[PDB]
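One structure is given below, encoded as C-alpha cells.
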Amino acid sequence: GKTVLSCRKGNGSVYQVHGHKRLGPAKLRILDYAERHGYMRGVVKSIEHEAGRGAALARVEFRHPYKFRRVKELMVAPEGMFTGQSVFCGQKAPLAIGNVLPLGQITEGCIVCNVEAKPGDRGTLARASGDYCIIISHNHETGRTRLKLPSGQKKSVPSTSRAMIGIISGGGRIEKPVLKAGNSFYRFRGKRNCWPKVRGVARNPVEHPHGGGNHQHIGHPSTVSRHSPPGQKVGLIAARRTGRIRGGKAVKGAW
Amino acid sequence: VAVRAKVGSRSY
Amino acid sequence: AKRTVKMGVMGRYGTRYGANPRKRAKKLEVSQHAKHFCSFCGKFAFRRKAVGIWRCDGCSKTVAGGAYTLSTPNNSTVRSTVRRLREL
Amino acid sequence: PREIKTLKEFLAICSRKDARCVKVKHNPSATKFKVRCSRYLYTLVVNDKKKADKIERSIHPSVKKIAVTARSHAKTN
Amino acid sequence: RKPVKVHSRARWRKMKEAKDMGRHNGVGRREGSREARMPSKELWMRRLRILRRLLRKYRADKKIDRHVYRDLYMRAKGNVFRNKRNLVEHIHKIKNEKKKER
Amino acid sequence: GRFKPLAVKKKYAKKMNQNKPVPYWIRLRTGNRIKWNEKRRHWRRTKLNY
RNA sequence: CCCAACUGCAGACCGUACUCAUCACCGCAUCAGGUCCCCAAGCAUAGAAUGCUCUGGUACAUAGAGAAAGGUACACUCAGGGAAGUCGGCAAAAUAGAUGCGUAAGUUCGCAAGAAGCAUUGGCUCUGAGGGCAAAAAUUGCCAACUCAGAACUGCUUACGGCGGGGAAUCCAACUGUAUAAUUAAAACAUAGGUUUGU
RNA sequence: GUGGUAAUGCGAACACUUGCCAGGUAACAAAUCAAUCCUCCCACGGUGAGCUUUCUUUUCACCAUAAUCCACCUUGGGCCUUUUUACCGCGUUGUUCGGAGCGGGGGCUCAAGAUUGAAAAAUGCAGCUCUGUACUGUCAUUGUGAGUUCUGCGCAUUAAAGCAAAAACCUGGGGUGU
RNA sequence: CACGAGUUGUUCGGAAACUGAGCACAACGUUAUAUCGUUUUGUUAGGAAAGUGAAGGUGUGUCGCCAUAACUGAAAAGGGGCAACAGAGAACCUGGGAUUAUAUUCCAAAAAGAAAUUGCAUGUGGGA
RNA sequence: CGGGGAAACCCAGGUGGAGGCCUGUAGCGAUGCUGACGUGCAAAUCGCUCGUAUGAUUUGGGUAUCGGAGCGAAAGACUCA
Ligand SMILES: [K+]
Ligand SMILES: [K+]
Ligand SMILES: [K+]
Ligand SMILES: [K+]
Ligand SMILES: [K+]
Ligand SMILES: [K+]
Ligand SMILES: [Mg+2]
Ligand SMILES: [Mg+2]
Ligand SMILES: [Mg+2]
Ligand SMILES: [Mg+2]
Ligand SMILES: [Mg+2]
Ligand SMILES: [Mg+2]
Ligand SMILES: [Mg+2]
Ligand SMILES: [Mg+2]
Ligand SMILES: [Mg+2]
Ligand SMILES: [Mg+2]
Ligand SMILES: [Mg+2]
Ligand SMILES: [Mg+2]
Ligand SMILES: [Mg+2]
Ligand SMILES: [Mg+2]
Ligand SMILES: [Mg+2]
Ligand SMILES: [Mg+2]
Ligand SMILES: [Mg+2]
Ligand SMILES: [Mg+2]
Ligand SMILES: [Mg+2]
Ligand SMILES: [Mg+2]
Ligand SMILES: [Mg+2]
Ligand SMILES: [Mg+2]
Ligand SMILES: [Mg+2]
Ligand SMILES: [Mg+2]
Ligand SMILES: [Mg+2]
Ligand SMILES: [Mg+2]
Ligand SMILES: [Mg+2]
Ligand SMILES: [Mg+2]
Ligand SMILES: [Mg+2]
Ligand SMILES: [Mg+2]
Ligand SMILES: [Mg+2]
Ligand SMILES: [Mg+2]
Ligand SMILES: [Mg+2]
Ligand SMILES: [Mg+2]
Ligand SMILES: [Mg+2]
Ligand SMILES: [Mg+2]
Ligand SMILES: [Mg+2]
Ligand SMILES: [Mg+2]
Ligand SMILES: [Mg+2]
Ligand SMILES: [Mg+2]
Ligand SMILES: [Mg+2]
Ligand SMILES: [Mg+2]
Ligand SMILES: [Mg+2]
Ligand SMILES: [Mg+2]
Ligand SMILES: [Mg+2]
Ligand SMILES: [Mg+2]
Ligand SMILES: [Mg+2]
Ligand SMILES: [Mg+2]
Ligand SMILES: [Mg+2]
Ligand SMILES: [Mg+2]
Ligand SMILES: [Mg+2]
Ligand SMILES: [Mg+2]
Ligand code: NA
Ligand code: NA
C-alpha cells in the first residue's frame with residue numbers, strides 16, 4: 001500500500017504551522033532573582049490578537065532588572081486585563097487578577113491560569129481561551145501544590161511554580177455555530193493544513209485501512225491496539241469503551 | 001436649461 | 001417599519017443554514033456586535049475588535065474579555081472570589 | 001530658477017564669478033534679465049521700459065550679454 | 001498629411017435637443033430599470049441635501065430658532081417633506097402659529 | 001526581453017559571430033573538404049536557450 | 001576641527017536593438033490550442049452586454065468559374081394537424097426589456113416569487129413637478145443640468161440588436177462548493193452540525 | 001537658543017549625540033459618499049479644412065505649458081483659549097457625538113488644493129507671407145455636466161479571517177558643550 | 001538569402017545596500033560512506049566565532065574645546081552569507097529639424113535648456 | 001419620522017446596503033447537441049448551448065513536499081502527452 005495521511009504529516013512538509021502572522025511564543029517573565037525574592041511591576045501596553053489563537057495576548061512592559069532598557073513580555077491575557085493595568089510578578093506580588101504569584105503564595109480555591117508545570121517553564125497549563133485551574137490544596141511536607149486541570153485531572157506541582165490569577169480571556173468561543181465551510185476555512189487558515197477532512201472509508205484501500213469495498217464500511221473493528229504500528233493505528237486508538245458514554249463522563253487520559 | 005425649450009419658439 | 005418578523009441580523013443568511021443553528025448564532029452575534037457598558041468612563045461604548053478584544057470608543061481603553069460578550073459569568077465569579085480571598 | 005527683486009541683488013549676482021552670461025529677454029510688457037550662474041538662473045523683471053534699458057547698460061562689461069531671440073531650425077542645424 | 005475622416009455629431013445634437021424637450025424617453029424606450037436610470041439613493045441624497053441647506057440658511061438668517069431647526073432637521077431626515085416647497089410651507093405654518101400664540 | 005546577464009550576452013554574441021558562411025577562398029585550398037558551414041543556425045529552427 | 005550659503009572638480013559597473021504573438025514564446029510548423037501586466041474614444045443602451053463608427057491598424061489567411069446529387073452551417077421559412085415522432089420533446093420552436101397592478105400550496109417565516117397571470121410601450125406638440133446663486137426676502141432678478149408624470153393630435157406591416165417558457169408531482173443530496181486533464185459532474189467527495197477515541 | 005495664555009511659531013551655537021535609551025516614518029485595510037491628474041461632452045470665441053440644386057450663423061480639426069522653486073484664498077481633520085444652566089444641541093447619504101467639555105466667537109496646526117510669480121516663449125502646434133530644411137509677420141479657450149482610487153481614509157471590512165518585516169531615515173529623553 | 005550597420009545614462013531597471021516564505025556555508029553530531037541532519041519560536045555551535053572602542057593617561061595640530069596618534073577599557077549575548085527586475089528602497093524632465101535603426105540614455109556655451117542629488121576640496125561668513 | 005398602547009410592546013413610511021444571495025460581462029469551468037472534426041486547426045480542437053462569476057473565488061513570480069514515494073474537498077485523481 002501507500003503511506004497513510006496520518007503518517008505523512010509527521011514529515012512536516014505542507015502540514016506545519018502557519019506562523020508568519022503570529023507574534024511569537026506567549027510566556028511569562030523569566031523566573032529571575034526579582035521574581036524569587038521581590039516583585040516586578042509591569043504595565044499592560046497593548047492587548048493584541050494573534051492569528052490561530054482564540055485567547056487575547058497582552059504586551060506588558062517591564063524595566064530591565066540589570067540594564068538601562070525596557071523589556072516587553074508577550075503573555076496570554078486573562079479576562080479583565082486592560083491597557084494601563086499594573087501587573088505584579090514575584091513572591092511579594094499581591095493576590096489580584098493579572099498578577100503572577102508562586103503557587104504556594106496563592107490561597108486554596110483561587111482560580112489560576114498560565115500555570116507552570118515545572119518551576120521556570122513560563123506557563124504551560126491552562127492557556128486556551130476560557131480555561132483555568134483550581135488550587136485544591138497545599139502540602140508543605142513535599143512543598144507541592146495540588147491543582148485541578150481543565151481536563152478534570154488533578155496533578156501536583158512544586159509550590160515554586162508560578163501562575164496567573166484569573167481565567168484565560170476569550171472564553172465562550174466554541175458556543176457559536178460555524179454554519180459554513182468558509183468559516184472553517186478561515187479558522188484553519190491561521191493554524192495549519194488540516195482541513196477539510198476526508199473519511200477513511202471514502203478512500204481506497206491502498207492509502208487507508210478503512211478504504212475499499214462495494215459499500216462504504218469498515219470491515220473490521222475500528223478500536224485498534226496501543227501497539228499497532230504506524231499506518232495501522234487508525235480509528236479509535238486503544239479505546240477503553242465506545243458508544244454514547246451514557247452517564248457521568250469519566251476524566252479522559254491516563255491514570 | 002432654466003426654461004424648457006419649445007418647438008414653436010424656434011421660429012424667431 | 002419592521003422588515004423581518006422573527007430573524008433579525010440572521011436575515012442575511014436567507015434560508016440556507018437551519019432555524020436552530022441560526023437561532024443559536026443569533027444571540028452571540030447580537031451580543032458581539034452590541035455596545036457594552038464601560039466601567040471606566042461610564043459609557044456604553046465597548047466594541048469587539050477580534051475575538052476576546054474589546055476597545056471602548058469613549059476612553060480608548062482596550063480590555064481582554066469574552067469571545068462574544070465583554071465579561072463572562074465565570075469572570076464575575078472569579079473576580080468576586082479573588083477579591084474575597086484578598087480580604088481574608 | 002530664482003527671482004531676484006532688487007537691483008542691488010542683481011548687481012551682486014552679476015558680480016559673482018560664476019555668472020557665465022546674462023540673457024536679455026524683451027517681452028512686450030517687461031524686460032527680463034536672466035543671469036546664468038553656476039547652479040541657478042536668476043531673473044530680474046523690470047516693468048519700466050526706460051528703467052530696464054538703463055539697467056541693461058552699466059552692467060559689468062566683463063560678463064557676456066545675450067539678446068534672447070527666436071532661433072529657427074535652419075539657423076541652428 | 002491628409003485630414004482625419006469626419007465623425008459628425010450633428011444628428012446626436014439634434015436628438016439631444018429633442019430629448020431636452022422631452023421626446024424619445026417613454027415607456028417603450030426604457031431598457032434599464034428605473035433605479036438604473038435614476039437611482040433612488042441619488043434622489044434621496046439630493047433632496048435631503050437641499051432640505052438641510054435650506055434649514056441651515058434659515059437658521060443663519062434667523063427665520064427659525066435652533067429648536068425649530070432641530071425639529072425640522074429630524075423631520076427632514078424622517079422623510080416628512082417631499083421637496084423644498086413643502087418644507088417652506090411647513091415653516092410658514094409654524095411661524096404663523098407662533099405669531100398667534102405670542 | 002531586456003534583461004540578460006553579461007555572460008549570457010557574451011555567449012549569444014559568440015553564437016552570433018559564428019553564424020557566418022565559409023569564405024570562398026577556403027574552397028580553393030589544396031585538399032579542401034569544406035563546402036558549407038553546415039553548423040549554420042537559424043533563430044526559428046533550433047534554440048540556444050541561454 | 002564644527003556649521004551654513006556658495007563655488008570648483010568628479011559622479012564608476014551591467015542592461016538598453018527587436019518581439020511578446022491568428023508569424024518572433026510552448027505545442028516536431030508562420031499550428032483556429034495555451035501564455036502574466038499597463039493605457040482604452042463616439043452613439044445606442046443599465047452596459048467593458050451587443051451592434052455600428054473617428055484615431056491607430058489591416059485587406060494576411062490558395063484562388064477563378066460556378067444554381068448536380070449528398071453534405072456542414074456560429075442560415076431561414078413552410079399550409080392543416082400539434083409529440084401522433086422518439087428509449088426519451090433530443091433538436092428546434094416558444095418566453096423575453098422596462099413599468100403598473102397581481103401572485104397559490106408549502107415553509108426552517110428568510111422564502112416560494114420574475115410564482116402564476118393581466119395591462120401599457122411609437123412619433124409629435126404641449127403642460128406640471130423636481131434646483132443653484134445674488135440683493136409675508138412668503139419678494140425681486142438672473143442662470144445649469146437632466147429626469148418623471150399628465151394631456152391632445154397622429155401612426156403601426158407589432159418591424160435592429162440583446163433578453164426567463166411556465167405549471168402539478170416523485171426519487172436522491174440539506175445548501176454554496178469540489179471532482180475522474182483526454183468517454184462518467186453524479187445520488188460521489190467536502191460541508192456546517194452530531195458522536196466517539198487517545199492524551 | 002528664542003517668541004506666544006495656549007494650540008504652538010521663529011534659520012543663519014536653535015553646536016554635537018547609533019556612548020546609551022524611548023518613540024515615530026518605512027507600514028500595508030472594506031463599502032458608502034465626495035473625488036485629483038487626466039478623458040469625454042456642452043457653451044463661448046479665434047485659425048484652417050469640408051459640404052453647399054437647396055438647407056445648415058453649419059460639419060470636422062486645433063486652441064498646449066514638464067520637472068524644480070518663490071509668496072501666500074477655499075475644503076476637510078486634530079487642537080487651543082473664551083463663553084460654557086451645554087441635556088438639549090451639532091452634524092452625515094449613512095449605521096453618532098458632547099461636563100472625560102457639545103454649540104457660538106477668536107485662533108494654532110495638519111492634508112489636499114486654489115492663486116502670485118521665476119522656469120516660459122526664447123518652446124510647441126496650425127495656417128499665412130513672399131523671396132529652400134528660406135524668411136517675415138497672425139493664432140498661440142475659459143467656463144460647465146458625465147467618468148476618473150490620487151486623495152479624504154483611520155485602533156481602517158466579513159471576522160472562531162483582525163490584514164509582513166527589516167535596512168535606512170526623523171524626532172525626542174538624558175548627556176556633552178555653551 | 002548576402003552584405004553593411006544599429007543598442008550611448010550621476011538620476012531609468014538591477015547590483016552596490018533591505019528584509020519574506022525560505023536555502024544551507026561554518027560549527028557540531030551522525031553515518032562503513034557526507035553526497036545525511038540541525039541551522040528565525042531572537043536566531044549557529046558544550047559555545048572562548050566581538051579586532052569595535054564611552055570615558056581616561058600620553059603626544060600632535062586647532063581654539064580659547066575640538067580633531068589626530070598611541071597605553072588602560074565602559075558598553076555591545078546569540079558566526080558568515082544568500083533568497084523579491086511586481087514587497088521595502090530609488091537624486092531628471094520637458095523641447096528638439098537628435099536616426100535608416102537608440103533615446104526621460106543623444107543635444108556643448110545662448111549646452112534647447114531648466115533642475116535634483118552624492119563624495120572630496122577651496123575661499124566667504126560665523127563658533128571652537 | 002409618524003400612529004397606537006396603562007405598561008409590555010405593536011403597526012406603518014423612509015434611510016441603509018448585508019449575503020460562501022440572484023440575473024448577467026471579463027475571468028474560471030465544461031452540461032447537451034451523444035453537433036463539427038475525427039489521416040483534424042488540434043496526439044482533446046471548434047460552434048452554439050450551458051455552470052459559476054465577493055468568494056472554500058481567479059491569477060503572476062517566488063518558495064516547500066516525490067518514487068513503494070509525494071500530494072489529493074478522494075476520481076487510484078495528479079506527479080512535464
Ligand atoms: K473497507
Ligand atoms: K454538475
Ligand atoms: K447640552
Ligand atoms: K447588493
Ligand atoms: K516533492
Ligand atoms: K528526488
Ligand atoms: Mg469528511
Ligand atoms: Mg472511491
Ligand atoms: Mg473504485
Ligand atoms: Mg491496507
Ligand atoms: Mg453509507
Ligand atoms: Mg458506513
Ligand atoms: Mg435604497
Ligand atoms: Mg519580453
Ligand atoms: Mg517554435
Ligand atoms: Mg533567456
Ligand atoms: Mg533603448
Ligand atoms: Mg526599445
Ligand atoms: Mg503586448
Ligand atoms: Mg495566419
Ligand atoms: Mg520541443
Ligand atoms: Mg498561434
Ligand atoms: Mg464586448
Ligand atoms: Mg460596448
Ligand atoms: Mg479605421
Ligand atoms: Mg487555410
Ligand atoms: Mg484574404
Ligand atoms: Mg406548420
Ligand atoms: Mg408556422
Ligand atoms: Mg399556421
Ligand atoms: Mg395546441
Ligand atoms: Mg409516443
Ligand atoms: Mg411509435
Ligand atoms: Mg433542448
Ligand atoms: Mg401563501
Ligand atoms: Mg414552486
Ligand atoms: Mg412577470
Ligand atoms: Mg448536492
Ligand atoms: Mg457560488
Ligand atoms: Mg497604519
Ligand atoms: Mg509645473
Ligand atoms: Mg476607499
Ligand atoms: Mg538571415
Ligand atoms: Mg551581419
Ligand atoms: Mg548538510
Ligand atoms: Mg527549527
Ligand atoms: Mg527567514
Ligand atoms: Mg544553541
Ligand atoms: Mg539579497
Ligand atoms: Mg519594487
Ligand atoms: Mg535607479
Ligand atoms: Mg524602435
Ligand atoms: Mg546631457
Ligand atoms: Mg453567489
Ligand atoms: Mg448567480
Ligand atoms: Mg460528437
Ligand atoms: Mg469528414
Ligand atoms: Mg460566463
Ligand atoms: Na452529492
Ligand atoms: Na507590504
Side-chain angles (χ1 to χ4, degrees), chain A residues 22-23 25-28 44 47 49-58 60 74-82 85 87 96-100 106 109-117 123-136 147-155 162-174 176-178 183-184 186-188 190-191 249 251-253, chain C residues 24-25 27-34 36 46-55 62-75 77-83:
Chain A
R22 303 193 175 195
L23 304 175
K27 287 165 300 180
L28 301 176
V44 185
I47 293 190
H49 155 86
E50 173 167 320
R53 195 192 300 264
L57 296 182
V60 192
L74 186 60
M75 314 201 295
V76 185
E79 191 174 341
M81 173 153 294
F82 61 96
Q85 174 182 325
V87 169
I97 286 191
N99 294 342
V100 179
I106 310 173
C110 181
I111 299 307
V112 299
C113 64
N114 263 122
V115 185
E116 292 189 333
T124 53
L125 308 165
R127 286 166 52 98
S129 78
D131 282 356
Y132 59 93
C133 287
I134 305 178
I135 292 193
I136 296 163
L147 75 171
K148 181 190 175 187
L149 300 191
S151 66
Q153 295 184 23
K154 302 173 177 180
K155 80 175 310 178
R162 296 173 300 165
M164 197 172 287
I165 309 299
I167 71 175
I168 297 288
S169 58
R173 193 183 66 252
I174 67 173
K176 189 186 169 188
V178 170
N183 294 7
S184 293
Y186 290 118
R187 175 202 172 191
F188 294 111
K191 294 171 170 292
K249 290 189 165 185
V251 175
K252 298 289 226 61
Chain C
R24 279 183 70 182
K27 190 160 177 178
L28 299 177
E29 281 280 4
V30 172
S31 190
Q32 90 170 77
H33 293 294
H36 291 253
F46 258 137
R47 308 301 297 278
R48 213 201 75 173
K49 294 194 179 177
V51 54
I53 315 269
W54 296 82
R55 192 172 200 256
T62 301
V63 184
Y68 317 109
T69 191
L70 173 69
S71 180
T72 57
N74 203 19
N75 190 41
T77 280
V78 168
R79 290 172 65 77
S80 301
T81 297
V82 170
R83 163 163 45 252

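Heavy-atom basis, side chains included; hydrogens, waters and symmetry copies ignored. Sequence lines set the chain letters: A, B, ... in the order given, protein chains first and strands last, and positions in each chain run from 1.
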Shortest non-hydrogen contact from [X] toward [Y]:
{"X": "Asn75(C)", "Y": "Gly80(A)", "result": "ND2-N, 4.3 Å"}
{"X": "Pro78(A)", "Y": "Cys113(A)", "result": "CB-SG, 4.2 Å"}
{"X": "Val178(A)", "Y": "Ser184(A)", "result": "CG1-OG, 3.6 Å"}
{"X": "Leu23(A)", "Y": "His49(A)", "result": "CD1-O, 4.4 Å"}
{"X": "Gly152(A)", "Y": "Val251(A)", "result": "C-CG1, 3.8 Å"}
{"X": "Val44(A)", "Y": "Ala58(A)", "result": "CG1-CB, 4.2 Å"}

Counting distance only, does the side-chain N/O of [X] pair as donor-acceptor with the main-chain N or O of [Y] below 3.5 Å?
{"X": "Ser169(A)", "Y": "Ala77(A)", "answer": "yes"}
{"X": "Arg22(A)", "Y": "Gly190(A)", "answer": "yes"}
{"X": "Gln153(A)", "Y": "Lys252(A)", "answer": "yes"}
{"X": "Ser31(C)", "Y": "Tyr68(C)", "answer": "yes"}
{"X": "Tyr132(A)", "Y": "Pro150(A)", "answer": "no"}
{"X": "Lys176(A)", "Y": "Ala25(C)", "answer": "no"}

Which residues satisfy the side chain to side chain contact (heavy atoms under 4.5 Å, CB included) test with [X], sequence neighbours excluded?
{"X": "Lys27(A)", "value": "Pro25(A), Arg122(A)"}
{"X": "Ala26(A)", "value": "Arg53(A), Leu57(A), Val76(A), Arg127(A)"}
{"X": "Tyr186(A)", "value": "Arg189(A)"}
{"X": "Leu70(C)", "value": "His36(C), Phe46(C), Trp54(C)"}

Inset, instruction - Let me see the working for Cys110(A) and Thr81(C) under side-chain contact (heavy atoms from CB on, under 4.5 Å), right down to the final yes or no. - result: CA-CA 7 Å; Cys110(A) 181; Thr81(C) 297; 5.8 Å; no

I need the [X] [atom1] to [Y] [atom2] distance, nearest 0.5 Å.
{"X": "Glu116(A)", "Y": "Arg162(A)", "atom1": "CD", "atom2": "CZ", "value": "4.0 Å"}
{"X": "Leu125(A)", "Y": "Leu149(A)", "atom1": "CG", "atom2": "CG", "value": "6.0 Å"}
{"X": "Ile106(A)", "Y": "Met164(A)", "atom1": "CD1", "atom2": "CE", "value": "10.5 Å"}
{"X": "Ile167(A)", "Y": "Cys133(A)", "atom1": "CD1", "atom2": "SG", "value": "12.5 Å"}
{"X": "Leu147(A)", "Y": "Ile135(A)", "atom1": "CG", "atom2": "CD1", "value": "6.5 Å"}
{"X": "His33(C)", "Y": "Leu28(C)", "atom1": "NE2", "atom2": "CG", "value": "10.5 Å"}

Inset, instruction - Report the C-alpha separation of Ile168(A) and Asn114(A) in whole Å, then their side-chain angles, then the decisive distance to 0.1 Å, and conclude whether the side-chain contact (heavy atoms from CB on, under 4.5 Å) test is met. - result: CA-CA 8 Å; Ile168(A) 297 288; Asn114(A) 263 122; 3.8 Å; yes

Legend entry - Short N-O contact, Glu79(A) and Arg79(C), less than 4.0 angstrom: no

Inset, instruction - Report yes if the side chains of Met81(A) and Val87(A) come closer than 4.5 Å at any heavy-atom pair, otherwise no. - result: yes

Legend entry - Note, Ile111(A) side chain near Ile134(A) side chain (heavy atom, < 4.5 Å): yes

Inset, instruction - Apply side-chain hydrogen bond (donor to acceptor under 3.5 Å, both in side chains) to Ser151(A) and list each qualifying residue two or more places apart in sequence or on a separate chain. - result: none

Legend entry - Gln85(A): partners by side-chain hydrogen bond (donor to acceptor under 3.5 Å, both in side chains), with sequence neighbours left out: none

Inset, instruction - Can you establish whether the number of heavy atoms outside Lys27(C) located under 6.0 Å from its atom NZ is more than 12? - result: no

